[PDB]
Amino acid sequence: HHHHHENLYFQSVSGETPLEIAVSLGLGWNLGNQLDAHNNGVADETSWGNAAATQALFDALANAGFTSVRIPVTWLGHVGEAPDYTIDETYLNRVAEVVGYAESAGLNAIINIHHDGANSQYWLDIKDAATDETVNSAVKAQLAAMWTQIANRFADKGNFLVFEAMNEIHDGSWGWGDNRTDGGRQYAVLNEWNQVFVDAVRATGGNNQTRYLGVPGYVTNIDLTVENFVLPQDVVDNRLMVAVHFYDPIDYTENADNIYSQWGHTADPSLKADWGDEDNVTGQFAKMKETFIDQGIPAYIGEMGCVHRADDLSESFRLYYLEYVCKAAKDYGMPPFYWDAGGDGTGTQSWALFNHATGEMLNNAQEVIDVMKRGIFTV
């Protein structure tokens, strides 16, 4: 019995133990294909199928019963040259607008560095940082300078606001590259980068000294995280959370080849992926519980989800999958954040639950939201 009263007032992340931190984060949602979107080398919020995000969206998320929103942010084309790596002020203001929508609606919020790290193809380059100390130093300098500016811009915000160091770091091969054969250097470099982020945020002082921060393992993969992640040193206890992503089995959840329409024990074998059923969900989450949660280290599932099926029978399996994964997340100590890429809600690969500009629910989103809420908020 370590729990304590929450003698505060405004919405916030809170708690010292993994399970209490998870309660405060509740059920999450990602503002996807939004501030993460980029085109022609520059972040471009409206270029990947969404109109600009609004307060109306965040009010709708809160009314629907979400607790927290992850706001992926791509900064490409909005950061100056070394040594200052100055962030364009208007873009930073836009990030602050979206954070403010979440704050106003009584939601927790996570902001990050997102597609700057995509595939090691831009400045945030693990492949070359692991072989060239000059590159590693430049990456760290940019990471520290950017996070100093972001932290300073949000220094007045309370603990509703979380900073997540970066997104999905890999050398191009998505976890099956030189990270497997190089003796551990890439894993060590990512751990160093997370330490640089923590140090830079904490050095700004004030509220940033005690803010909850998210730090990922390699390619946000559960196995590579439990095997190789090292928790950074910190000046305060219990304010670093391990970030993982979970889409298993991606062939089903994203429906790439439009052939796997069922999932789990009752699925027809000819209509399902050949792996990744219920035992994979609990088996993977058990690794996170054994390595982190049970050792006092909080963790969260920064992205999860499953695309819509227009067919009634297939959609039943999608709702079952989402309900099963959310209930397992609750049982194993991690808040899940659903991946909502928005768009128009048509086609065979739609993640959208809300129109990102009007806040209106799309198609059967209410039923999807209800099953996810049942996993998190119902015993």
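One-based numbering along the sequence shown.
Which has higher Cα B-factors on average according to the PDB entry: 265-273 or 206-214?
On average, C-alpha B-factors are higher across 265-273.
Looking at the entry, does 178-186 or 143-151 show the higher mean C-alpha B-factor?
Per the deposited B-factors, the answer is 178-186.
Given 321, 337, 48, 332, identify the residue with the highest C-alpha B factor in the PDB entry.
Answer for 321, 337, 48, 332: 332, with the highest C-alpha B-factor.
How does residue 36 rank on Cα B-factor within its chain, lowest, middle or highest third?
According to the entry, residue 36 has a C-alpha B-factor in the chain's lowest third.
Third of the chain's Cα B-factor distribution that residue 355 belongs to, per the entry:
Tercile = lowest for this residue's CA B-factor.
Entry-reported Cα temperature factor of residue 26, expressed as the chain third it lands in
For residue 26, whose C-alpha B-factor we compare with every modelled residue in the chain, the answer is the middle third.
Compared with the other modelled residues in the chain, in which third is the CA B-factor of residue 101?
As the PDB entry reports it, the C-alpha B-factor of residue 101 lands in the middle third of its chain.
Third of the chain's Cα B-factor distribution that residue 55 belongs to, per the entry
Middle third.
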